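**Q** okay, here's the opening piece of the assembly, coordinates as they are in the complex:
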Amino acid sequence: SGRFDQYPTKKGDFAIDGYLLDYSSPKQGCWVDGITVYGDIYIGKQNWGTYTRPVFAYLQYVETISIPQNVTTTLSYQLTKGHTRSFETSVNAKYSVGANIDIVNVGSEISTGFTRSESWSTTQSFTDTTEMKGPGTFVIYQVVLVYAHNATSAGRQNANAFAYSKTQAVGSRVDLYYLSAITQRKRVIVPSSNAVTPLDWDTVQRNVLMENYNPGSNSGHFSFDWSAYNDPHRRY
């Protein structure tokens, strides 16, 4: 809970990957300093002009591997592309994002490692391989990127669509504040003796959005940059 104020803030892939991808001492998560973009996001029955910015990055659990002997072997495990499986089930309305949203990653010095069409679409499993020697027990984690969204005017129609959401009335209009997650082509293999308890989507949403963000004041552990609406370099 209050552990979220103890997580550091990182900017760009070098700082994020360097921090999280440590086989000796893996880290649960970190806040992400990133740019705000504006463009359409389809929620429910229509598109909405949405403000998006990266806010957090964490290690999602993949698998526990057991090698009982001093034998060199080749591992086969399943990683995912696009939105996380936890995010996909957490939404009940129709949800679709245009690949051009990836300007948020370029501008925030982030690269998923997938094509911008794969990165922002439905969760897709894929096989990855690693040469491993035992004896030992190991834990595999995959990097998840969390985004904070302000789907303008969506609050009246899609409040109940997301498991964790916040509405904010701006005149005759009702803004919708929610969080979304996608995976990166980045994984860490840790000996179970050094393994850290992974955070889940449930916890990340409760702490990042619900506990550390105030829509009224546009403040907390992070804030949106509404100047994206007037920057052509930050519109898709």
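**A** Yep, it's here. Residues are numbered from 1 along each chain as shown, chains lettered A, B, ... in the order given.
**Q** residue boundaries of the helices in chain A?
**A** A:12-20, A:85-90, A:103-107, A:116-119, A:155-158, A:201-205 (DSSP state H).
**Q** can you put those helices in TSV and add mean neighbour count?
**A** From N, CA and C alone the C-beta is placed, and that goes for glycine too. Converted to TSV, the helices of chain A look like this (neighbours: other Cβ atoms under 10 Å):
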stretch	mean neighbour count
helix A:12-20	17
helix A:85-90	17
helix A:103-107	19
helix A:116-119	18
helix A:155-158	19
helix A:201-205	19
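**Q** quick one, which of those helices gets closest to residue A:73.
**A** When the helices of chain A are compared by Cβ to Cβ, helix A:12-20 sits nearest residue A:73, at 25.8 Å.
**Q** what's next to the closest one, contact-wise?
**A** With contact meaning Cβ atoms under 8 Å, 6 or more residues apart in numbering, helix A:12-20 is reached by A:8, A:10, A:26-27, A:29-30, A:32, A:57-59, A:108-111, A:143, A:186, A:188.
**Q** CA atoms only for that helix, dumped as CSV, please.
**A** Extracted in CSV, the C-alpha atoms of helix A:12-20 (Å, rounded to 0.1, in the frame of the first residue of the first chain):
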residue,chain,number,x,y,z
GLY,A,12,13.3,6.4,-20.4
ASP,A,13,14.0,2.7,-21.2
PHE,A,14,17.6,2.9,-19.9
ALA,A,15,16.5,3.9,-16.3
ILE,A,16,13.3,1.7,-16.3
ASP,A,17,15.0,-1.5,-17.7
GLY,A,18,18.2,-0.9,-15.7
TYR,A,19,16.1,-0.7,-12.5
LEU,A,20,13.6,-3.6,-13.1
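**Q** would you map the strands across chain A?
**A** Counting by DSSP state E, chain A has strands at residues A:9-10, A:29-32, A:37-43, A:46-67, A:72-81, A:95-97, A:124-133, A:136-151, A:166-170, A:173-191, A:213-214, A:219-220.
**Q** kindly incorporate the sequence below as chain B:
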Amino acid sequence: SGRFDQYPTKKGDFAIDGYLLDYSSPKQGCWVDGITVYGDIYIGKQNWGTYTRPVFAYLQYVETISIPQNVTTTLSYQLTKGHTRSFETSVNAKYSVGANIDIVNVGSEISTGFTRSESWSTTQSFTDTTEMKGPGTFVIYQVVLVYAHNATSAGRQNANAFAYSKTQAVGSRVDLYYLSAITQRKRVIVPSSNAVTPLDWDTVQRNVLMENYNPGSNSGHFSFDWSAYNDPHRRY
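**A** Placing chain B onto the earlier chains gives this:
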């Protein structure tokens, strides 16, 4: 910021590559001593007679690799060809350069490692491979070449096209000063402990153009050689 005056000036591939491509003590960047060439560059709705010279070279971040055991493996990572992904998103107008501009590189004793057409076109990903043995964490960087441009008369039409630009009125004409970045077929794998914080496209533009170049006096940390207009060996 003021760190840019501390970076040295290098001339030719031997000096540039020798300086940057050091796995033991990698370097953020260096200024580049290069020849000025004159020829067309398409910006917005037409071609403009542009003065181009190399000005800077820096290590762009690629990926963080984690090998937890004393296992020899083959690494697959992906690098890019042509203009950087950062430059591509930093321009809103139509932007096109003729492959014959590569005289700037030949004349400044630089070879990208890609074909003339590959070098100056749209960003394209490609796979590269390296044999690596653990245990350890490693950082991969790819060499980026920065060019300073004077797109003559473009300033009135394409001032707002680039995120970082400078206009200069020369009589009834408005010159456009901007920066562009292409990548090289050059990469370095550094152990995390020796890894240096990579510079990004926003920092390189703010410091090289905005802080270290004055269009009015054609002075700062570098200056254009307008004699390119009368040299047939320096016109494309």
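**Q** ok chain B is in now, so what about the contacts of helix A:12-20?
**A** Outside helix A:12-20, the residues that touch it by Cβ atoms under 8 Å, 6 or more residues apart in numbering or on different chains are A:8, A:10, A:26-27, A:29-30, A:32, A:57-59, A:108-111, A:143, A:186, A:188, B:61, B:63-64, B:137, B:139, B:192, B:195, B:197-198, B:200.
**Q** tell me which parts of chain A are close to chain B?
**A** A:12-15, A:17-18, A:21-23, A:72, A:103, A:106-107, A:109, A:111, A:113, A:130-133, A:138, A:186-191, A:232-233 (Cβ under 8 Å from any Cβ of the partner chain).
**Q** that older thread, got a ChimeraX select line for the buried ones in the contacts of helix A:12-20?
**A** Applying 16 or more other Cβ atoms under 10 Å in any protein chain shown to these, the buried members can be selected in ChimeraX as follows:
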select /A:10,26,27,29,30,32,57,58,59,108,109,110,111,143,186,188 /B:61,63,64,137,139,192,195,198,200
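**Q** and stretch A:207-219, what's buried?
**A** A:207, A:208, A:209, A:212, A:213, A:215.
**Q** using a markdown table, please lay out the residues you listed together with distance to residue A:171.
**A** Shown next, in a markdown table, are the buried residues of stretch A:207-219 (distance: Cβ to Cβ, whole Å):
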| residue | distance to residue A:171 |
| --- | --- |
| A:207 | 30 |
| A:208 | 27 |
| A:209 | 23 |
| A:212 | 26 |
| A:213 | 21 |
| A:215 | 14 |
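**Q** tell me the one of the residues you listed nearest chain B?
**A** Nearest to chain B, judged by Cβ to the nearest Cβ, of the buried residues of stretch A:207-219 is residue A:208 at 23.3 Å.
**Q** just give the nearest non-adjacent residue to the closest one, would you?
**A** Counting by Cβ to Cβ, 6 or more residues apart in numbering or on different chains, residue A:56 is the residue found nearest to residue A:208 once chain neighbours are left out, at 5.2 Å.
**Q** surely that neighbour is in contact with residue A:209?
**A** No: counting by Cβ atoms under 8 Å, residue A:56 sits too far from residue A:209 to count as a contact (9.7 Å).
**Q** residue contacts, residue A:125?
**A** Neighbours of residue A:125 in contact, by Cβ under 8 Å, 6+ apart: A:78, A:79, A:80.
**Q** kindly incorporate the sequence below as chain C:
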Amino acid sequence: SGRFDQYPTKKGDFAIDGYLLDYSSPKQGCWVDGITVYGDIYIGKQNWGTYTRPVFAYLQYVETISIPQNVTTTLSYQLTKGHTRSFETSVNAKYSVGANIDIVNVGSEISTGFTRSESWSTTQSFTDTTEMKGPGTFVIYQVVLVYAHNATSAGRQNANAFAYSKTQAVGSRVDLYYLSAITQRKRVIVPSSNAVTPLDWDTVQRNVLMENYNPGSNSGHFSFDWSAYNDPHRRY
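**A** With chain C added, the chains above now look like this:
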């Protein structure tokens, strides 16, 4: 500059290759003792009866390679055939040489390692491979053969064609003195700690032709042998 008077004079492949192709103590360049030949060379709009002789040989920079670990790997780098990329861009007029000119090399005891037609045509890249073990940084160089030419009567039409040239009036006729460079299927891979600063085409031209050759007296660090005009063994 004055370093050119310090470079030795070598005769034939054994002496040239032995001197330049040293991986422990690499050498920048050496003057070449070679025979003079007479025959056509196409410059601009016609052929000209040209006197050609080898004069210098130097190590051209290819690439810097970084292997961060004690891993045995295969290296793939690009070398070139025919005229050098540096020479090709240094000429603005149409330039063509007949393959029969290679008598110059046979006579001067040089073998390029390429076919007669491959040797004297346009610059063409090709892949070469070497088995290398790290850790370390390495520099690859390729041997370049420099030739001094007297394109008889060409000076009036093609003086401005070459970046570095010398005209000499012989009666109503204007001789053209210039330098050309071709590549050899000879390369040296040196550890970066032993790497020597490579000479470039502008330095080589400034020092070999401009500073060390006088067309008026046919003297300097080398001289042409005009007796080639009357030798059938030295005419092509």
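**Q** re-run the earlier check on the contacts of helix A:12-20 with chain C in the model.
**A** Around helix A:12-20, the neighbours that count as contacts under Cβ under 8 Å, 6+ apart are A:8, A:10, A:26-27, A:29-30, A:32, A:57-59, A:108-111, A:143, A:186, A:188, B:61, B:63-64, B:137, B:139, B:192, B:195, B:197-198, B:200.
**Q** what's the angle from that helix to strand B:136-151?
**A** 170 degrees (axes from the mean of the first three to the mean of the last three Cα atoms, to 10 degrees).
**Q** quick one: distance of helix A:12-20 to the chain centre.
**A** 14 Å (Cα atoms, centre = their mean, to the nearest Å).
**Q** next one: stretch A:155-166
**A** Using Cα atoms, centre = their mean, the offset of stretch A:155-166 from its chain centre is 19 Å.
**Q** what is the end-to-end distance of it?
**A** Stretch A:155-166 stretches 8 Å from its first residue to its last (Cα to Cα, to the nearest Å).
**Q** contacting residues around that stretch?
**A** Defining contact as Cβ under 8 Å, 6+ apart, one finds that stretch A:155-166 is touched by A:43-45, A:90-93, A:151, A:167-169, A:174-179, A:205-206, A:209-210, A:213, A:215.
**Q** recalculate using a threshold of 6 Å.
**A** Here stretch A:155-166 makes contact (Cβ atoms under 6 Å, 6 or more residues apart in numbering or on different chains) with A:43-44, A:90-93, A:167, A:174-178, A:205, A:209, A:215.
**Q** run through the residues that contact residue A:88.
**A** residue A:123.
**Q** look up how far chain C lies from it.
**A** 40 Å (Cβ to the nearest Cβ, to the nearest Å).
**Q** residues contacting the residue of chain A found nearest chain C?
**A** Of all residues in chain A, residue A:131 sits closest to chain C, at 13.9 Å by Cβ to the nearest Cβ. By Cβ under 6 Å, 6+ apart, residue A:131 lies in contact with A:74, B:71, B:73.
**Q** just the buried members of the residues you listed?
**A** Buried subset of those (neighbour count, 16+ other Cβ under 10 Å): residue B:73.
**Q** in JSON lines: the contacts of residue A:131, plus distance to residue A:162.
**A** Formatted as JSON lines, those follow (distance: Cβ to Cβ, whole Å):
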{"residue": "A:74", "distance to residue A:162": "40"}
{"residue": "B:71", "distance to residue A:162": "43"}
{"residue": "B:73", "distance to residue A:162": "41"}
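**Q** I am finished for the moment; much appreciated.
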